[PDB]
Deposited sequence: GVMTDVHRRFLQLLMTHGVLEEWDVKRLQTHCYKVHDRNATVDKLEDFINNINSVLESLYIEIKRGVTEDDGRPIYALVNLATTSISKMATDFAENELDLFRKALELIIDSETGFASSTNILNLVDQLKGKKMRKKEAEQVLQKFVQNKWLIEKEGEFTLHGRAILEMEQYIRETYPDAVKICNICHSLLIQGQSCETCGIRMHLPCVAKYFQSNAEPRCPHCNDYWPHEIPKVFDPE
């Protein structure tokens, strides 16, 4: 499909950045046009175009939404299942394995967050040549810098980007430990559960499902919903 320099430069940028929020990619899209001065397609139409010359690479600019507050993000994501590699290439064997171990914990974690300290204990486990906690604390900051990991209060969760990239991989690899939202039915790393079911749903899902409802009731089992209903995302 018809590619322009504006499109390639967009891709170059979108990649050096791991991932971008909606407005930043329109701030982006427009930038590329102004740097290449014509009319600027609805970012949505712009993308679909590109996504379409990408088919033969079996990769796509994918839109996703965050697990903490439902911001729209976009990453360049593989349609190919075994996406262990975008990082596999980026980091050391021992670094990769540290991620695995960390991810492994993020999942089992009720919260979808893991403590730094719980992670670092796994440092002697690491494959691919000895590292120490000091070195390890940096690497964790690396994953944060690169939008695979997110931190709050010395704890770590997967970054939206991570999920967009590796959802496939993850599910296929950790089927008995993965959690899925009702509603979305997609992988879910953090969210609210029901006390009566064990049902779970992404915050933004809980936001939308119970939006404008004075009596939020658990969809499966219909028991009253114990948690604070978030207010669905909007530009402000």
note = Not represented among the modelled residues are deposited positions 37-38
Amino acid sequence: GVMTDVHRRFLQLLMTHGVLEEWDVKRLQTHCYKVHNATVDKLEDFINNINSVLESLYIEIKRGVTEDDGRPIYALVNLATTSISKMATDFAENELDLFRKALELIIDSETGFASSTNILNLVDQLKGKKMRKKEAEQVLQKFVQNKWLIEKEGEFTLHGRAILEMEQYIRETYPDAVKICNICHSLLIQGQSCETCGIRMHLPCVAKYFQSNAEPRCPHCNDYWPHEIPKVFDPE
From here on, numbers count along this sequence of modelled residues.
inquiry  = Comparing average C-alpha B factors as deposited, tell me which of 131-139 and 160-168 sits higher.
reply    = 131-139
task = Look up the CA B-factors in the entry and say which stretch, 13-21 or 221-229, has the higher mean.
result = 221-229
message = Maximum C-alpha temperature factor per the entry, among 208, 62, 27, 202, belongs to which one?
response = 27
query = Based on the entry's values, in what third of the chain does the Cα temperature factor of residue 75 lie: lowest, middle or highest?
reply = lowest
message = Among the modelled residues of this chain, does the Cα B factor of residue 196 put it in the lowest, middle or highest third?
response = highest
message = Taking only the Cα B-factors deposited for this chain, tell me whether residue 46 sits in the lowest, middle or highest third.
response = middle
note = residue 153: CA B-factor among chain residues, third -> highest
request  = Could you look up the Cα B-factor of residue 100 in the entry and say which third of the chain it sits in: lowest, middle or highest?
outcome  = lowest
